[PDB]
Amino acid sequence: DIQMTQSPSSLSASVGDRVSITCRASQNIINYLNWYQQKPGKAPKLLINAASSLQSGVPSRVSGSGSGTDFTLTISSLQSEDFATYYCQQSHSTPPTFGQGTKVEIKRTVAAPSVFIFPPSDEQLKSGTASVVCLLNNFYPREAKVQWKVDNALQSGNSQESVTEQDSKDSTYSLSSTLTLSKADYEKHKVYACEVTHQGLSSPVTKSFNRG
Amino acid sequence: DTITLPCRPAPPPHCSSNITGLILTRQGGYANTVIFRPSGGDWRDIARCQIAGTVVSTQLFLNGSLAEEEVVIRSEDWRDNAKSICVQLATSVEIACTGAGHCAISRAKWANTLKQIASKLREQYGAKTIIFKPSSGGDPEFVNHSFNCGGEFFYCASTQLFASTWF
Amino acid sequence: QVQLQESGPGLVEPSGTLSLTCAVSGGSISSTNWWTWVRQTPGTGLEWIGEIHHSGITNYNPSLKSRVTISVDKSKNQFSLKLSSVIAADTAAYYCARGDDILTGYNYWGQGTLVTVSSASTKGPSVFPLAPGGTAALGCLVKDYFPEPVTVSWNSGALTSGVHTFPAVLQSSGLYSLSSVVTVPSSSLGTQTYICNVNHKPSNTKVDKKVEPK
Ligand SMILES: *[C@@H]1O[C@H](CO)[C@@H](O)[C@H](O)[C@H]1NC(C)=O
Ligand SMILES: *[C@@H]1O[C@H](CO)[C@@H](O)[C@H](O)[C@H]1NC(C)=O
């Protein structure tokens, strides 16, 4: 196979900035290189073919160059809606090899999380399990810390997290920390709180509720 | 005189095509004797030559394009024996299939085409002695002069086309 | 324009075979093009499986030759991918894409379909509501399902502003789980109800759930 090594694998630019992604091929592949944009959960979109031919339907902001063992993708005026992973793809010889990918993350003003807490529903309580949710909505950057307090007694191991990928519009993140308990351990305590640390916060913010 | 290529399955009469060039590979390693065997890597070599017709064949270009005044050989790198040699003809050679499992090529016309291709390979490589040897070997789609025709796929043995020396 | 939609089962227990069909609309499979299957795994990347011509010609990735079959159904205007002897290694997203005269670019793609190689059973999720600084936050908690994915919407696609459908997470039970949340002005909690529509086409449950305050 022909090895496609991109560079870098993850970068961070601003709205209006000029982004540059390189792709090195092991062999001389002439000009048979293609650039793909893939936004989260969507199918790849052909930006460029023949390392330079702007696929019709793509902005002229996007541009391609190189021929041989080195190639460049340039985005000459980055926008909120370019949050994607970009792939360089072989075409000279089967198998068409791909690059590992370059993760272009949109960088913006620091933003404080809206912290919401959710009690476990009366539905699930009957099932025998409780799922308390701590949401951190529209913040930046993805650095956050979430700790749980059950009657002030700190929790370790019973929480797990999941983060949305950056938004297309404002490029904020959203974080979810799920505290799961059994019914007997849930009925053992009253005040349930989650505390949040973030770069945008003056002090750590806590949100709480009493069982029932 | 004529040359009869054995083809299985038998191509019908209406697959009687024109050869418009072929694709070679210089055999690397080591006498002032340069050895060429018909290329059979992947379909992307045959593609990259771009002397390619709608007919998707290997070894020989069927119903492809013709050069102007005379044969023109081409390569992405004359030193890289990995890189194939796209030979393009000027005046085509007819391959006619009787549909009995046999396809025929004029010995005269083909020998002539070899003489020319040899001459040009000589210009490029500067040698004196040009040897055509049969397919180096591989998967059946390449090691044999293969092609599609009417949706059906055929193979032909071509070791009878590439077995001569030139000076 | 040309359009591709995949179909076929998103679960295949080990040893067995993955059958998957690309349906082509607004263009014939008897054109001048090739038709390709590509799989994509988080962490692993993009891997080209194989391609086929309208004239029954078939190119397969060396790594998968022993296992792979591509076929063209000219009557139904489709092509299909059949992978035998599947392993956990094949757990990925499977796209059908049409190049353009094996000229480099994979022009039009299909939406792709996810395929797990797991020896665990299929089951639907349970949907628990999530109800309560000037702005209010609602949600639907989708807990304990297999396999992926789930199709969570709000007010049947009328309220997609402010919505955040978090990525799933595999439990130690081997069941996926996630939440979908939504911000709405506080003064609208009583004026209207918000109803999430969770689909899970694996076990085909079209669960709705009303979210009302306390
Ligand atoms: C190629 O051209 C010849 C003309 O001599 C024609 O008979 C044949 O049907 C064409 N196509 C193929 C696939 O052979
Ligand atoms: C194929 O070869 C014959 C040789 O006489 C030529 O006359 C004919 O034009 C070729 N086929 C086509 C249709 O180009």
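Chains L, C and H, in that order, give the protein sequences.
Residue numbers are given in the deposited numbering: position 87 of the first sequence equals residue 87, and the series is strictly consecutive.
Just so you know, the second sequence maps onto residues 1 to 30, 33 to 169 in the deposited numbering.
Just so you know, the third sequence maps onto residues 1 to 35, 35A, 36 to 82, 82A to 82C, 83 to 100, 100A to 100B, 101 to 126, 133 to 214 in the deposited numbering.
The beta-carbon is built from N, C-alpha and C at its ideal position, and this holds for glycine as well.
Where residue i and residue j are concerned, what is the direct C-alpha to C-alpha distance, given to the nearest angstrom?
i, j, result
"H:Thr-107", "H:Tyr-90", "5 Å"
"L:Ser-14", "L:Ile-75", "12 Å"
"L:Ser-208", "H:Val-163", "23 Å"
"C:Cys-15", "H:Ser-25", "31 Å"
"H:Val-207", "H:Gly-139", "14 Å"
"L:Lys-39", "C:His-104", "54 Å"
"L:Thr-97", "C:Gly-42", "20 Å"
"L:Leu-54", "L:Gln-147", "48 Å"
"H:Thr-165", "L:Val-62", "30 Å"
"H:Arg-94", "H:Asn-101", "6 Å"
"L:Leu-181", "H:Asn-58", "52 Å"
"L:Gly-157", "H:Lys-75", "53 Å"
"L:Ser-60", "L:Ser-77", "10 Å"
"H:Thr-100", "L:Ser-202", "52 Å"
"L:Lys-103", "H:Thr-40", "15 Å"
"L:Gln-3", "H:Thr-193", "54 Å"
"C:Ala-113", "C:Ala-106", "14 Å"
List the residues of chain C that residue i touches, going by C-beta distances under 9 Å, in chain order.
i, result
"L:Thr-69", "Within chain C, no residue comes near L:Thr-69; the closest Cβ sits about 13 Å away, beyond 9 Å."
"H:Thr-205", "Neighbours of H:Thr-205 on chain C: none; closest Cβ ~44 Å, over 9 Å."
At least one CB of chain C closer than 7 Å to the CB of residue i: is that the case?
i, result
"L:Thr-97", "no"
Mind listing the chain H neighbours of residue i? Cutoff is C-beta to C-beta under 9 Å, in chain order.
i, result
"C:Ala-49", "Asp-97, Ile-98 and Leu-99"
"C:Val-145", "By Cβ distance, chain H contributes nothing, its closest Cβ being about 15 Å from C:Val-145, past 9 Å."
"L:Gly-101", "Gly-44 and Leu-45"
Taking only heavy atoms of ligand 1 into account, decide whether any of them is closer than 6 Å to the Cβ of residue i.
i, result
"C:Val-57", "yes"
"L:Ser-93", "no"
"C:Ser-148", "no"
"H:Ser-74", "no"
"C:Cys-7", "no"
"C:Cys-151", "yes"
"C:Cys-158", "no"
"C:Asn-65", "yes"
"C:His-14", "yes"
Compare the C-beta of residue i against all C-beta atoms of chain L and say whether one is closer than 7 Å.
i, result
"C:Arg-46", "yes"
"H:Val-169", "yes"
"H:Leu-138", "no"
"H:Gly-44", "yes"
"H:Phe-146", "no"
"H:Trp-47", "yes"
"H:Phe-78", "no"
"H:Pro-123", "yes"
Less than 7 Å between CB atoms is the rule here; does residue i satisfy it with respect to chain H?
i, result
"L:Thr-94", "yes"
"L:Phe-116", "yes"
"L:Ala-50", "yes"
"L:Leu-46", "yes"
"L:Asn-34", "yes"
"L:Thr-74", "no"
"L:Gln-124", "yes"
"L:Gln-3", "no"
"L:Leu-201", "no"
"L:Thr-164", "yes"
"L:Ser-91", "yes"
State the CB to CB distance for the pair residue i and residue j, rounded to an integer number of angstroms; the pair is presumed to be in contact (CB under 8 Å).
i, j, result
"L:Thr-164", "L:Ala-111", "At roughly 14 Å, the Cβ-Cβ gap does not stay under 8 Å, so L:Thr-164 and L:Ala-111 are not in contact."
"L:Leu-73", "L:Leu-136", "Not quite, the Cβ-Cβ distance comes to about 33 Å (not below 8 Å), so this is no contact."
"residue 179 of chain C", "C:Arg-26", "Because chain C here runs from 1 to 169, residue 179 of chain C falls outside it and cannot be looked at."
"L:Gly-68", "L:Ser-52", "Actually they are not in contact, since the Cβ atoms of L:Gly-68 and L:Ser-52 sit about 13 Å apart, beyond 8 Å."
"L:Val-150", "L:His-198", "Not quite, the Cβ-Cβ distance comes to about 22 Å (not below 8 Å), so this is no contact."
"C:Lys-122", "C:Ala-165", "19 Å between Cβ atoms; not a contact."
"L:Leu-33", "L:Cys-23", "7 Å"
Along chain H, which residues have their Cβ under 7 Å away from the Cβ of residue i?
i, result
"L:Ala-43", "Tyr-91, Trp-103, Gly-104, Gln-105 and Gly-106"
"C:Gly-153", "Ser-54 and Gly-55"
"L:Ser-176", "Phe-166 and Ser-179"
"L:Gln-160", "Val-169"
Give me the chain L residues within the contact set of residue i, using Cβ-Cβ distance strictly less than 7 Å, ordered along the chain.
i, result
"H:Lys-143", "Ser-131"
Would you say residue i touches ligand 2, meaning its beta carbon is less than 6 Å from a heavy atom?
i, result
"C:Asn-18", "yes"
"L:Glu-81", "no"
"H:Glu-46", "no"
"C:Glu-96", "yes"
Can you pull the chain C residues whose beta carbon is under 8 Å from the beta carbon of residue i, in chain order?
i, result
"H:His-52", "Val-58 and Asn-150"
"H:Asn-58", "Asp-44 and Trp-45"
"H:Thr-32", "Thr-56"
Could you work out which residues of chain L lie near residue i, taking near to mean beta carbons separated by less than 8 Å?
i, result
"C:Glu-78", "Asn-28 and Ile-30"
"H:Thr-160", "Correct list: empty, because the minimum Cβ distance to chain L is about 12 Å."
What residues of chain C sit near residue i, judged by a beta carbon separation below 7 Å?
i, result
"H:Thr-68", "Correct list: empty, because the minimum Cβ distance to chain C is about 15 Å."
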